[PDB]
file upload-v5.txt (compact mmCIF, C-alpha atoms and all ligand atoms)
# COMPACT_ATOMS: atom_id res chain seq x y z
CA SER A 32 -0.17 6.60 -35.94
CA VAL A 33 3.52 7.35 -36.38
CA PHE A 34 4.10 7.30 -32.60
CA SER A 35 2.73 3.79 -31.99
CA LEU A 36 5.33 1.18 -31.10
CA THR A 37 6.17 -1.47 -33.70
CA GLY A 38 8.17 -4.64 -34.20
CA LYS A 39 10.05 -6.50 -31.50
CA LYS A 40 10.10 -3.44 -29.23
CA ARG A 41 6.30 -3.37 -29.19
CA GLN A 42 6.14 -7.07 -28.28
CA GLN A 43 8.55 -6.46 -25.40
CA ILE A 44 6.55 -3.52 -24.04
CA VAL A 45 3.17 -5.23 -24.46
CA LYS A 46 4.50 -8.04 -22.26
CA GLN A 47 5.97 -5.60 -19.74
CA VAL A 48 2.76 -3.69 -19.02
CA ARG A 49 0.13 -6.41 -19.35
CA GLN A 50 -0.50 -6.56 -15.58
CA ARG A 51 -0.45 -2.81 -14.88
CA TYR A 52 -3.59 -1.79 -13.04
CA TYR A 53 -4.86 1.49 -14.49
CA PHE A 54 -3.58 0.48 -17.94
CA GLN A 55 -6.48 -1.99 -18.00
CA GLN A 56 -9.01 0.87 -17.81
CA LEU A 57 -7.60 2.75 -20.83
CA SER A 58 -9.07 2.74 -24.31
CA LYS A 59 -7.22 1.59 -27.43
CA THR A 60 -5.76 4.98 -28.36
CA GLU A 61 -4.90 5.60 -24.71
CA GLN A 62 -3.12 2.25 -24.45
CA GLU A 63 -1.08 3.06 -27.56
CA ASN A 64 0.11 6.31 -25.96
CA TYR A 65 0.81 4.45 -22.70
CA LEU A 66 3.05 2.06 -24.65
CA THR A 67 4.82 5.02 -26.28
CA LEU A 68 5.28 6.65 -22.87
CA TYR A 69 6.85 3.48 -21.51
CA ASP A 70 9.31 3.11 -24.39
CA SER A 71 10.35 6.76 -24.29
CA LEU A 72 10.84 6.94 -20.52
CA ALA A 73 12.82 3.69 -20.69
CA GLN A 74 15.07 5.58 -23.12
CA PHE A 75 15.25 8.43 -20.58
CA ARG A 76 13.63 11.06 -22.78
CA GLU A 77 12.49 14.31 -21.20
CA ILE A 78 9.89 15.00 -23.93
CA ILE A 79 7.56 12.31 -25.29
CA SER A 80 5.61 12.63 -28.56
CA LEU A 81 2.10 11.19 -28.31
CA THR A 82 -0.87 10.97 -30.64
CA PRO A 83 -3.58 13.61 -30.18
CA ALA A 84 -6.69 12.89 -28.12
CA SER A 85 -9.00 14.95 -25.95
CA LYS A 86 -7.38 16.78 -23.04
CA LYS A 87 -9.22 14.44 -20.67
CA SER A 88 -8.07 11.31 -22.50
CA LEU A 89 -4.45 12.46 -22.38
CA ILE A 90 -4.67 13.28 -18.67
CA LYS A 91 -6.24 9.87 -18.03
CA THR A 92 -3.41 8.20 -19.94
CA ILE A 93 -0.68 10.14 -18.12
CA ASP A 94 -2.32 9.70 -14.71
CA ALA A 95 -2.67 5.96 -15.22
CA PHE A 96 0.94 5.73 -16.37
CA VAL A 97 2.35 7.65 -13.40
CA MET A 98 0.39 5.62 -10.85
CA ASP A 99 1.28 2.35 -12.58
CA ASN A 100 5.03 2.75 -13.15
CA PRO A 101 7.13 3.57 -10.09
CA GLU A 102 10.31 2.37 -11.85
CA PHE A 103 10.56 5.76 -13.59
CA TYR A 104 11.09 7.37 -10.22
CA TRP A 105 11.42 10.90 -11.61
CA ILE A 106 7.82 11.01 -12.88
CA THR A 107 6.05 9.89 -9.70
CA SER A 108 5.57 13.38 -8.20
CA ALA A 109 5.84 15.46 -11.40
CA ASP A 110 3.25 17.90 -12.69
CA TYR A 111 1.31 16.75 -15.76
CA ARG A 112 2.66 19.03 -18.51
CA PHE A 113 1.84 18.74 -22.21
CA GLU A 114 1.42 20.90 -25.30
CA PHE A 115 -0.53 20.42 -28.54
CA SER A 116 1.27 21.20 -31.80
CA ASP A 117 1.17 20.01 -35.41
CA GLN A 118 -0.85 16.83 -34.85
CA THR A 119 1.45 15.94 -31.93
CA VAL A 120 1.07 16.11 -28.15
CA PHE A 121 4.43 16.80 -26.50
CA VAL A 122 4.53 15.60 -22.88
CA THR A 123 7.40 16.82 -20.67
CA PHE A 124 8.68 15.10 -17.53
CA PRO A 125 11.77 16.96 -16.24
CA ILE A 126 14.43 14.26 -15.94
CA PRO A 127 17.44 14.33 -13.59
CA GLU A 128 20.94 14.18 -15.00
CA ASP A 129 21.78 10.90 -13.21
CA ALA A 130 18.43 9.29 -14.05
CA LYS A 131 19.89 6.31 -15.91
CA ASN A 132 22.28 5.21 -13.17
CA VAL A 133 19.73 5.79 -10.41
CA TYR A 134 17.11 3.90 -12.42
CA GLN A 135 19.50 0.95 -12.71
CA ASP A 136 20.45 1.25 -9.04
CA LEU A 137 16.78 0.73 -8.20
CA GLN A 138 16.48 -2.15 -10.67
CA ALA A 139 19.37 -3.93 -8.97
CA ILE A 140 17.96 -3.42 -5.47
CA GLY A 141 14.47 -4.48 -6.53
CA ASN A 142 15.75 -7.52 -8.40
CA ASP A 143 17.81 -8.55 -5.37
CA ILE A 144 14.85 -8.24 -2.99
CA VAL A 145 12.52 -10.24 -5.23
CA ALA A 146 15.04 -12.89 -6.26
CA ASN A 147 15.84 -13.79 -2.64
CA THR A 148 12.36 -13.96 -1.12
CA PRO A 149 12.50 -17.03 1.18
CA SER A 150 9.20 -18.41 -0.16
CA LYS A 151 7.64 -18.26 -3.61
CA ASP A 152 4.11 -18.39 -2.19
CA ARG A 153 2.47 -15.16 -3.30
CA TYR A 154 1.05 -14.30 0.12
CA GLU A 155 4.41 -14.97 1.78
CA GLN A 156 6.07 -12.76 -0.85
CA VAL A 157 3.59 -9.92 -0.21
CA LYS A 158 4.11 -10.30 3.54
CA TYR A 159 7.87 -10.29 2.96
CA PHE A 160 7.71 -7.06 0.94
CA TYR A 161 5.58 -5.42 3.67
CA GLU A 162 8.20 -6.43 6.23
CA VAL A 163 11.16 -5.34 4.10
CA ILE A 164 9.88 -1.82 3.40
CA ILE A 165 8.85 -1.24 7.01
CA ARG A 166 12.11 -2.61 8.43
CA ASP A 167 14.50 -0.95 5.96
CA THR A 168 12.80 2.45 5.54
CA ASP A 169 12.59 5.23 8.12
CA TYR A 170 9.22 6.95 8.02
CA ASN A 171 9.74 10.70 7.55
CA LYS A 172 7.44 11.92 10.30
CA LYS A 173 8.99 15.41 10.19
CA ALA A 174 7.97 15.63 6.52
CA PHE A 175 4.42 14.38 7.15
CA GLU A 176 3.97 16.75 10.10
CA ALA A 177 4.90 19.63 7.77
CA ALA A 187 8.56 16.09 -2.79
CA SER A 188 11.72 13.96 -2.92
CA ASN A 189 10.01 11.67 -0.40
CA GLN A 190 7.30 10.57 -2.85
CA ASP A 191 9.06 7.95 -5.00
CA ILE A 192 10.91 4.66 -4.79
CA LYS A 193 14.28 6.44 -4.70
CA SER A 194 13.35 7.79 -1.28
CA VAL A 195 12.62 4.22 -0.17
CA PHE A 196 15.41 2.11 -1.69
CA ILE A 197 18.18 4.73 -1.92
CA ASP A 198 17.47 7.23 0.86
CA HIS A 199 15.58 4.83 3.18
CA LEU A 200 13.46 7.76 4.35
CA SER A 201 9.99 8.21 2.90
CA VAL A 202 6.28 8.88 3.35
CA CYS A 203 3.17 7.00 2.28
CA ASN A 204 3.47 7.66 -1.45
CA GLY A 205 6.98 6.23 -1.57
CA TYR A 206 6.09 3.21 0.56
CA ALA A 207 3.10 2.36 -1.63
CA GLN A 208 5.00 2.79 -4.90
CA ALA A 209 7.87 0.70 -3.54
CA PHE A 210 5.41 -2.06 -2.66
CA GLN A 211 4.00 -1.98 -6.20
CA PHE A 212 7.55 -1.88 -7.63
CA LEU A 213 8.42 -5.13 -5.86
CA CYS A 214 5.10 -6.82 -6.63
CA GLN A 215 5.47 -6.08 -10.35
CA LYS A 216 8.97 -7.59 -10.39
CA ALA A 217 7.51 -10.67 -8.67
CA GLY A 218 4.70 -11.00 -11.23
CA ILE A 219 1.96 -10.31 -8.67
CA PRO A 220 -0.92 -8.12 -9.95
CA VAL A 221 -0.89 -4.98 -7.81
CA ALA A 222 -2.43 -1.52 -7.67
CA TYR A 223 -1.44 1.88 -6.33
CA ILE A 224 -4.43 3.49 -4.59
CA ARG A 225 -4.66 7.14 -3.57
CA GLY A 226 -7.19 8.73 -1.26
CA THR A 227 -7.91 9.87 2.30
CA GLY A 228 -6.77 8.21 5.49
CA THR A 229 -8.68 8.85 8.70
CA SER A 230 -7.03 8.27 12.08
CA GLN A 231 -8.63 8.32 15.53
CA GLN A 232 -7.39 9.29 19.01
CA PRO A 233 -7.38 12.07 17.84
CA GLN A 234 -9.72 12.27 14.83
CA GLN A 235 -7.80 13.42 11.76
CA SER A 236 -7.95 13.08 7.97
CA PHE A 237 -5.01 13.26 5.59
CA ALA A 238 -4.00 12.60 2.01
CA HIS A 239 -2.78 9.02 1.82
CA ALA A 240 -1.68 6.24 -0.52
CA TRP A 241 -1.76 2.46 -0.24
CA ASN A 242 -2.14 -0.72 -2.28
CA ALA A 243 -4.18 -3.71 -3.36
CA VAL A 244 -2.82 -7.08 -4.48
CA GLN A 245 -4.39 -9.96 -6.34
CA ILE A 246 -3.88 -13.40 -4.78
CA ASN A 247 -5.83 -16.42 -6.02
CA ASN A 248 -7.81 -14.18 -8.40
CA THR A 249 -9.20 -11.87 -5.71
CA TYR A 250 -7.96 -8.57 -4.33
CA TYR A 251 -6.60 -7.72 -0.88
CA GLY A 252 -5.90 -4.33 0.65
CA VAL A 253 -2.39 -3.52 1.85
CA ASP A 254 -1.15 -0.43 3.72
CA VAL A 255 2.58 -0.79 4.39
CA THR A 256 3.01 2.75 5.71
CA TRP A 257 0.37 2.42 8.43
CA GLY A 258 2.06 -0.82 9.50
CA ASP A 259 5.19 1.17 10.31
CA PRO A 260 5.46 1.83 14.08
CA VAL A 261 6.78 5.35 13.50
CA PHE A 262 3.61 6.12 11.55
CA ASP A 263 1.39 4.68 14.32
CA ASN A 264 2.66 3.10 17.55
CA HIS A 265 -0.63 2.51 19.39
CA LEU A 266 -0.03 -1.26 19.54
CA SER A 267 3.70 -1.05 20.33
CA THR A 273 7.59 -3.86 15.99
CA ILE A 274 5.63 -4.84 12.87
CA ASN A 275 1.89 -4.07 12.86
CA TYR A 276 0.45 -6.74 10.57
CA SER A 277 -3.15 -5.49 10.95
CA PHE A 278 -2.87 -3.62 7.61
CA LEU A 279 -1.70 -6.67 5.59
CA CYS A 280 -4.26 -8.12 3.13
CA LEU A 281 -7.52 -6.67 4.47
CA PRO A 282 -11.04 -6.83 3.07
CA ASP A 283 -12.78 -3.54 2.41
CA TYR A 284 -15.11 -4.00 5.40
CA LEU A 285 -12.00 -3.44 7.54
CA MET A 286 -9.96 -1.13 5.29
CA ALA A 287 -12.90 1.25 4.85
CA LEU A 288 -12.82 2.07 8.57
CA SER A 289 -9.74 4.25 7.98
CA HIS A 290 -9.39 4.56 4.18
CA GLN A 291 -11.46 6.29 1.49
CA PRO A 292 -9.98 5.67 -1.98
CA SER A 293 -10.26 8.36 -4.64
CA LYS A 294 -11.61 7.70 -8.14
CA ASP A 295 -10.88 11.30 -9.19
CA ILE A 296 -7.99 12.89 -11.09
CA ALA A 297 -6.77 16.23 -9.72
CA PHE A 298 -4.59 17.21 -12.67
CA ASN A 299 -3.70 20.66 -11.27
CA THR A 300 -4.49 22.74 -8.18
CA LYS A 301 -7.78 24.13 -9.53
CA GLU A 302 -9.49 21.30 -11.43
CA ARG A 303 -10.30 17.60 -11.39
CA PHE A 304 -12.05 14.84 -13.29
CA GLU A 305 -14.49 13.04 -11.03
CA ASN A 306 -15.21 9.32 -10.81
CA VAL A 307 -12.77 8.23 -13.51
CA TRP A 308 -11.11 5.12 -12.10
CA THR A 309 -12.46 1.82 -10.78
CA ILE A 310 -10.96 0.75 -7.44
CA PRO A 311 -10.15 -2.91 -6.59
CA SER A 312 -12.92 -4.66 -4.67
CA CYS A 313 -11.49 -6.58 -1.69
CA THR A 314 -14.00 -8.97 -0.15
CA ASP A 315 -12.10 -11.98 1.27
CA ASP A 316 -10.89 -12.07 4.88
CA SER A 317 -9.07 -15.41 4.72
CA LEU A 318 -5.59 -13.84 4.53
CA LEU A 319 -5.93 -11.64 7.64
CA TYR A 320 -2.91 -12.06 9.90
CA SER A 321 -5.23 -12.31 12.90
CA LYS A 322 -7.39 -15.01 11.28
CA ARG A 323 -4.29 -16.98 10.26
CA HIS A 324 -3.05 -16.75 13.88
CA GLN A 325 -6.38 -17.51 15.58
CA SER A 326 -6.74 -14.02 17.06
CA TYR A 327 -9.71 -12.83 14.94
CA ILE A 328 -12.98 -12.38 16.86
CA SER A 329 -15.99 -12.27 14.53
CA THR A 330 -18.67 -12.31 17.26
CA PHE A 331 -18.52 -10.75 20.68
CA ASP A 332 -18.09 -13.60 23.15
CA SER A 333 -16.16 -13.42 26.41
CA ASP A 334 -15.33 -17.13 26.37
CA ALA A 335 -14.05 -16.98 22.79
CA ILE A 336 -11.98 -13.87 23.58
CA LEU A 337 -10.34 -15.44 26.63
CA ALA A 338 -9.81 -18.73 24.77
CA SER A 339 -8.00 -16.92 21.94
CA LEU A 340 -5.80 -15.10 24.44
CA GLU A 341 -5.16 -18.33 26.37
CA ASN A 342 -4.22 -20.16 23.17
CA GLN A 343 -1.71 -17.38 22.47
CA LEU A 344 -0.44 -17.57 26.06
CA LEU A 345 -0.05 -21.35 25.78
CA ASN A 346 2.19 -20.63 22.78
CA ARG A 347 4.13 -18.25 25.06
CA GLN A 348 3.39 -15.19 22.92
CA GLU A 349 3.86 -11.66 24.26
CA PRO A 350 2.33 -9.25 23.42
CA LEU A 351 -1.07 -10.85 22.91
CA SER A 352 -3.37 -9.42 20.28
CA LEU A 353 -6.96 -9.47 19.08
CA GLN A 354 -8.65 -8.16 15.94
CA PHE A 355 -12.42 -7.89 15.58
CA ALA A 356 -14.55 -8.13 12.46
CA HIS A 357 -17.23 -5.66 13.56
CA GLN A 358 -17.03 -2.24 15.18
CA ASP A 359 -19.60 -2.77 17.92
CA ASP A 360 -17.93 -6.03 19.01
CA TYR A 361 -14.59 -4.21 19.32
CA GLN A 362 -16.32 -1.38 21.18
CA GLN A 363 -17.95 -3.81 23.61
CA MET A 364 -14.54 -5.34 24.34
CA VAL A 365 -13.19 -1.84 25.01
CA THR A 366 -16.04 -1.11 27.42
CA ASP A 367 -15.50 -4.45 29.19
CA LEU A 368 -11.84 -3.53 29.65
CA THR A 369 -12.81 -0.23 31.29
CA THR A 370 -15.19 -2.12 33.61
CA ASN A 371 -14.97 -5.92 33.96
CA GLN A 372 -11.24 -6.69 34.07
CA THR A 373 -11.36 -9.67 36.44
CA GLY A 374 -11.56 -12.33 33.73
CA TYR A 375 -8.36 -10.97 32.18
CA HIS A 376 -6.31 -10.74 35.39
CA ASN A 377 -7.33 -14.30 36.30
CA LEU A 378 -6.10 -15.61 32.94
CA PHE A 379 -2.92 -13.53 32.72
CA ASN A 380 -1.90 -14.28 36.30
CA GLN A 381 -1.70 -17.95 35.35
CA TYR A 382 0.96 -17.37 32.69
CA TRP A 383 2.88 -14.18 33.54
CA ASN A 384 5.18 -14.26 36.56
CA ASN A 385 5.31 -11.57 39.24
CA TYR A 386 1.97 -10.46 37.81
CA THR A 387 0.89 -6.93 38.74
CA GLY A 388 -1.64 -6.24 35.96
CA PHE A 389 -1.66 -5.57 32.24
CA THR A 390 -1.49 -2.65 29.82
CA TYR A 391 -3.25 -2.53 26.46
CA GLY A 392 -3.03 -0.53 23.25
CA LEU A 393 -5.94 0.25 20.95
CA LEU A 394 -5.89 0.65 17.16
CA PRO A 395 -9.59 1.14 16.37
CA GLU A 396 -8.65 1.89 12.75
CA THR A 397 -8.29 -1.90 12.31
CA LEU A 398 -10.39 -2.96 15.34
CA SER A 399 -7.22 -4.26 17.00
CA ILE A 400 -5.94 -4.48 20.58
CA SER A 401 -2.63 -5.59 22.07
CA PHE A 402 -1.92 -6.72 25.64
CA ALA A 403 1.29 -6.73 27.68
CA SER A 404 2.29 -7.36 31.28
CA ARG A 405 2.33 -4.24 33.44
CA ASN A 406 5.49 -2.98 35.12
NA NA A 501 10.36 1.76 9.19
call {"tool": "encode", "arguments": {"input": "upload-v5.txt", "output": "structure tokens", "more": "lines below"}}
Ligand code: NA
result
Amino acid sequence: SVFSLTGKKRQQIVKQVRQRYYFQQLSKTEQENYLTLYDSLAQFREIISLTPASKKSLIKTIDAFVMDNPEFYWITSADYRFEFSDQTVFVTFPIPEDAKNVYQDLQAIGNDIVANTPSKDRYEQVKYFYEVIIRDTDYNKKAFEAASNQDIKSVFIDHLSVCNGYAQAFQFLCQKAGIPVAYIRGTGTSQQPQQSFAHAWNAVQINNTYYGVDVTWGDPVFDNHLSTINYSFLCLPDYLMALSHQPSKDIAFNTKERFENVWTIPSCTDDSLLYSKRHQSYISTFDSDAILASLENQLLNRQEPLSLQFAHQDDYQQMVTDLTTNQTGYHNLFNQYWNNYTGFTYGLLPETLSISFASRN
């Protein structure tokens, strides 16, 4: 095809996209068009000429490209618009007038964040990116409770964003760091009160296995039940993430239609990177002794607030019931370590089977 990349430019683009997530699920012709899309958007073209395929194949290619490539911030929330003509498919992404300088503004910010990570351990880098986005970005709760908040410009330029921007910003940084990463879209479900909502989050590959990451839900303005940085959404297995997340495999390419069950979602099975597990606050079996010992170990390290995360729903629920009835074990322990003790308060985040404790005032 005349639109396929060639020469040195092709080599450069092949290297650039090799780790992109949805790219891996595209066929040969679709990957060629993906490469052409990358080159043309990197030249800041509004209209891209692609080689003809079925309507579905083109939508798959475009959808994969948009999810995979936050750097082209102007495409992240755009409609999928294309037209067939004379053995060519013309794809249009309206492009802002300042797109080149904003694109390079974001490159400089991203490069600075990645280059100065304190550790080069991949987990520590992922944790650092989580922290950076949460600390430096205001969550736009007014917007949620109701575009322009959906891309990495809203995160790194405006510092005011919603889940789609957070998740694309996390991918943006991971890509620059060379960490395989995915953007995942779907449905979040919160409790107290029960509620479902459109949502976006991430997966990362560390040590050749995937881990779930939800930066947005770790933001205290998004959810303050444990209030701060809520680490209980950092590198989760699916048996915990699935309690509040349902990823979508579908492509809704307009308001009336979709393609069902197109994409494969990363499988996250390892719990070894849980913050709670790494800090000896993960309870995998209901046991009063083990619960109090974990809290006492935290108290011996002079931590406040204390925290617990459970592996299994019914164990978390039994702990909740014991806190509404048998509280004596807890007062006896806390009174030993907290001065002027007059009780304790607790916060519940059932979405990750988590609880936090603090001295009452
Ligand atoms: Na924030």
call {"tool": "closest_residue", "arguments": {"input": "upload-v5.txt", "among": "A:338, A:81, A:165, A:243", "to": "residue 255 in chain A", "atoms": "all atoms listed in the file"}}
result
A:165
call {"tool": "closest_residue", "arguments": {"input": "upload-v5.txt", "among": "A:285, A:93, A:297, A:335", "to": "residue 315 in chain A", "atoms": "all atoms listed in the file"}}
result
A:285
call {"tool": "closest_atom_pairs", "arguments": {"input": "upload-v5.txt", "of": "chain A", "to": "ligand NA 501 (chain A)", "cutoff": "8 Å", "atoms": "only C-alpha atoms and all ligand atoms", "output": "Markdown table"}}
result
| residue | atom | partner | partner_atom | distance |
| --- | --- | --- | --- | --- |
| A:164 | CA | A:NA501 | NA | 6.8 |
| A:165 | CA | A:NA501 | NA | 4.0 |
| A:166 | CA | A:NA501 | NA | 4.8 |
| A:167 | CA | A:NA501 | NA | 5.9 |
| A:168 | CA | A:NA501 | NA | 4.4 |
| A:169 | CA | A:NA501 | NA | 4.3 |
| A:170 | CA | A:NA501 | NA | 5.4 |
| A:259 | CA | A:NA501 | NA | 5.3 |
| A:260 | CA | A:NA501 | NA | 6.9 |
| A:261 | CA | A:NA501 | NA | 6.7 |
call {"tool": "write_last_selection", "arguments": {"input": "upload-v5.txt", "atoms": "C-alpha atoms", "output": "PDB file, keeping the file's coordinate frame"}}
result
ATOM      1  CA  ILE A 164       9.880  -1.820   3.400  1.00  0.00           C
ATOM      2  CA  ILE A 165       8.850  -1.240   7.010  1.00  0.00           C
ATOM      3  CA  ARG A 166      12.110  -2.610   8.430  1.00  0.00           C
ATOM      4  CA  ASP A 167      14.500  -0.950   5.960  1.00  0.00           C
ATOM      5  CA  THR A 168      12.800   2.450   5.540  1.00  0.00           C
ATOM      6  CA  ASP A 169      12.590   5.230   8.120  1.00  0.00           C
ATOM      7  CA  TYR A 170       9.220   6.950   8.020  1.00  0.00           C
ATOM      8  CA  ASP A 259       5.190   1.170  10.310  1.00  0.00           C
ATOM      9  CA  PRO A 260       5.460   1.830  14.080  1.00  0.00           C
ATOM     10  CA  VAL A 261       6.780   5.350  13.500  1.00  0.00           C
TER      11      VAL A 261
END
call {"tool": "closest_residue", "arguments": {"input": "upload-v5.txt", "among": "A:365, A:328, A:351, A:68", "to": "residue 389 in chain A", "atoms": "all atoms listed in the file"}}
result
A:351
call {"tool": "residues_near_point", "arguments": {"input": "upload-v5.txt", "point": "(-10.1, 8.2, 15.9)", "cutoff": "12 Å", "atoms": "only C-alpha atoms", "output": "ChimeraX atom specification"}}
result
/A:228-236,265,288-289,393-398
call {"tool": "closest_residue", "arguments": {"input": "upload-v5.txt", "among": "A:51, A:318, A:104, A:216", "to": "residue 143 in chain A", "atoms": "all atoms listed in the file"}}
result
A:216
call {"tool": "atom_distance", "arguments": {"input": "upload-v5.txt", "atom1": "CA of residue 309 in chain A", "atom2": "CA of residue 354 in chain A"}}
result
28.8 Å
call {"tool": "closest_residue", "arguments": {"input": "upload-v5.txt", "among": "A:191, A:99, A:334, A:94", "to": "residue 111 in chain A", "atoms": "only C-alpha atoms"}}
result
A:94
call {"tool": "closest_residue", "arguments": {"input": "upload-v5.txt", "among": "A:177, A:253, A:78, A:137", "to": "residue 157 in chain A", "atoms": "all atoms listed in the file"}}
result
A:253
call {"tool": "atom_distance", "arguments": {"input": "upload-v5.txt", "atom1": "CA of residue 355 in chain A", "atom2": "CA of residue 399 in chain A"}}
result
6.5 Å
call {"tool": "residues_around", "arguments": {"input": "upload-v5.txt", "residues": "range 200-204 of chain A", "least_positions_apart": "5", "cutoff": "8 Å", "atoms": "only C-alpha atoms", "output": "ChimeraX atom specification"}}
result
/A:168-172,174-175,189-191,194-195,239-241,256
call {"tool": "atom_distance", "arguments": {"input": "upload-v5.txt", "atom1": "CA of residue 305 in chain A", "atom2": "CA of residue 225 in chain A"}}
result
13.7 Å
call {"tool": "closest_atom_pairs", "arguments": {"input": "upload-v5.txt", "of": "range 187-248 of chain A", "to": "range 121-136 of chain A", "cutoff": "10 Å", "atoms": "all atoms listed in the file", "output": "tab-separated table"}}
result
residue	atom	partner	partner_atom	distance
A:192	CA	A:134	CA	9.9
A:193	CA	A:133	CA	7.9
A:196	CA	A:136	CA	9.0
A:197	CA	A:136	CA	8.2
call {"tool": "write_last_selection", "arguments": {"input": "upload-v5.txt", "atoms": "C-alpha atoms", "output": "PDB file, in the frame of the given file"}}
result
ATOM      1  CA  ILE A 192      10.910   4.660  -4.790  1.00  0.00           C
ATOM      2  CA  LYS A 193      14.280   6.440  -4.700  1.00  0.00           C
ATOM      3  CA  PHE A 196      15.410   2.110  -1.690  1.00  0.00           C
ATOM      4  CA  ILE A 197      18.180   4.730  -1.920  1.00  0.00           C
TER       5      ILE A 197
END
call {"tool": "decode", "arguments": {"input": "upload-v5.txt", "residues": "range 88-123 of chain A", "atoms": "C-alpha atoms", "output": "CSV table (one decimal), in the first residue's frame"}}
result
chain,number,residue,atom,x,y,z
A,88,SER,CA,-11.5,-3.1,11.1
A,89,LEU,CA,-11.0,0.6,10.7
A,90,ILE,CA,-13.0,1.4,13.9
A,91,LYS,CA,-11.0,-1.3,15.7
A,92,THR,CA,-7.7,0.3,14.5
A,93,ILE,CA,-8.8,3.9,15.4
A,94,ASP,CA,-10.2,2.8,18.8
A,95,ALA,CA,-7.0,0.9,19.6
A,96,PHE,CA,-4.9,3.9,18.6
A,97,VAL,CA,-6.9,6.4,20.6
A,98,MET,CA,-6.8,4.3,23.8
A,99,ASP,CA,-3.1,3.6,23.3
A,100,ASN,CA,-1.7,7.0,22.6
A,101,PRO,CA,-2.5,9.8,25.1
A,102,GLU,CA,0.4,11.9,23.8
A,103,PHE,CA,-1.8,13.1,21.0
A,104,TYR,CA,-4.0,14.8,23.5
A,105,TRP,CA,-6.4,16.2,21.0
A,106,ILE,CA,-7.6,12.8,19.8
A,107,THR,CA,-8.4,11.3,23.2
A,108,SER,CA,-12.1,12.4,23.4
A,109,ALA,CA,-12.7,13.0,19.7
A,110,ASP,CA,-15.5,11.3,17.7
A,111,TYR,CA,-14.4,8.6,15.2
A,112,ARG,CA,-14.9,10.3,11.8
A,113,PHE,CA,-13.8,8.8,8.5
A,114,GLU,CA,-14.9,8.7,4.8
A,115,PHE,CA,-14.2,6.2,2.0
A,116,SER,CA,-13.1,7.6,-1.3
A,117,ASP,CA,-11.0,6.5,-4.3
A,118,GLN,CA,-9.3,3.5,-2.6
A,119,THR,CA,-8.5,5.7,0.4
A,120,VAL,CA,-10.0,6.1,3.9
A,121,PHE,CA,-9.7,9.7,5.1
A,122,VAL,CA,-9.8,9.9,8.9
A,123,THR,CA,-10.3,13.3,10.5
